[PDB]
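A.B. asks: for now just these chains, pulled out of the complex without moving them:
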Amino acid sequence: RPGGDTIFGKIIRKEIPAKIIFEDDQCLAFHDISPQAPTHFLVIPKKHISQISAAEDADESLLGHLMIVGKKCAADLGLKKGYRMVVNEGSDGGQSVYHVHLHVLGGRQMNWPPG
């Protein structure tokens, strides 16, 4: 609209406040309001891609860019002992917002299975 019609679109357009960590021309990172670890933030693309299953071949760089920004923000937030990155797709994956988002969690030992 630009930014999509989900709550993420409101965050991107600054219609509703968020604890934004970093922002560039392609994405934005902000803290998850329901953290599952001491540090839990999300990196979302400004381009609205509803689900990872709908991403096209041309979205390759953009998707890779979310992971680069994620590792940079994780280092900046002091997650030197490690972290886990997660992308949820659909019902079975637990996707709650239909705008592609990358979860980054750390600050504690992450267990296995990953859910």
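C.D. replies: It's in. Residues are numbered from 1 along each chain as shown, chains lettered A, B, ... in the order given.
A.B. asks: following element in sequence after the host helix or strand of residue A:92, please.
C.D. replies: Assessed by DSSP states H and E, residue A:92 sits inside helix A:90-93. Note on helix A:90-93: by DSSP H and E, the next helix or strand toward the C-terminus is strand A:102-106.
A.B. asks: now do the buried residues in that following strand.
C.D. replies: Buried residues in strand A:102-106, counted by 16 or more other Cβ atoms under 10 Å: A:102, A:103, A:104, A:105, A:106. Where you see a C-beta, it was placed from the backbone N, CA and C, and this is true even at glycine.
A.B. asks: what of stretch A:37-45?
C.D. replies: Those would be A:37, A:39, A:40, A:41, A:42, A:43, A:44, A:45, for stretch A:37-45 by 16+ other Cβ under 10 Å.
A.B. asks: between those residues, which is closest to residue A:20?
C.D. replies: Closest approach between the buried residues of stretch A:37-45 and residue A:20, by Cβ to Cβ: residue A:41, at 9.7 Å.
A.B. asks: can you tell me the SS state at the closest one?
C.D. replies: Three-state call for residue A:41 (DSSP: H, G, I helix; E, B strand; the rest coil): strand.
A.B. asks: could you check how far it is from residue A:21?
C.D. replies: Look at residue A:41 and residue A:21: by Cβ to Cβ, to the nearest Å, they are 6 Å apart.
A.B. asks: add chain B to the structure above, sequence below:
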Amino acid sequence: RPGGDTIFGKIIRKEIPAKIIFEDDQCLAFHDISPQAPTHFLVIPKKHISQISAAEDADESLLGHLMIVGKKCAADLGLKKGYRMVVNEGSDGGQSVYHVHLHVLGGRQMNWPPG
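C.D. replies: Chain B, in position alongside the others:
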């Protein structure tokens, strides 16, 4: 060596067998020998990147490519109700092999937290 010096390097060079799903000029996907869901496979880059924290800006496309291949393989393996993609970094993240790898799990309801 090419392909790295971890077991992944042996798989890439076909020195040890694996249940390979797909392979292109940049990556390879194969089933995880210790599945945590009905469908659990990995997509690994042929270029040896030890950890996601060490990936450079130029590895952006390659990292994005692992996710595109992942969603394509997930659809091909019949994971139409969803899945979860996971990248583990370091001790806290549970990274067991020092070669960047993307986990794709589905075929069951994935829970939250993701570990």
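A.B. asks: quick revisit: contacts for the helix holding residue A:92?
C.D. replies: A:51, A:53, A:87, B:79, B:81-84, B:106-110 (Cβ atoms under 8 Å, 6 or more residues apart in numbering or on different chains).
A.B. asks: who are the contact partners of residue A:51?
C.D. replies: A:89, A:90, A:95, A:98, A:100.
A.B. asks: cutoff 6 Å now
C.D. replies: Contacts for residue A:51 were tallied using Cβ atoms under 6 Å, 6 or more residues apart in numbering or on different chains; they are residue A:89.
A.B. asks: what does the one 10 residues further on give?
C.D. replies: With contact set as Cβ under 6 Å, 6+ apart, residue A:61 has these partners: B:60, B:61, B:64.
A.B. asks: now swap in residue A:88 and tell me
C.D. replies: Counted by Cβ under 6 Å, 6+ apart, residue A:88 has contacts A:94, A:95, B:84.
A.B. asks: any chance of a markdown table for those residues, columns neighbour count and distance to residue A:16?
C.D. replies: Shown next, in a markdown table, are the contacts of residue A:88 (neighbours: other Cβ atoms under 10 Å in any protein chain shown; distance: Cβ to Cβ, whole Å):
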| residue | neighbour count | distance to residue A:16 |
| --- | --- | --- |
| A:94 | 18 | 23 |
| A:95 | 22 | 21 |
| B:84 | 29 | 27 |
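A.B. asks: fine by me, thanks again.
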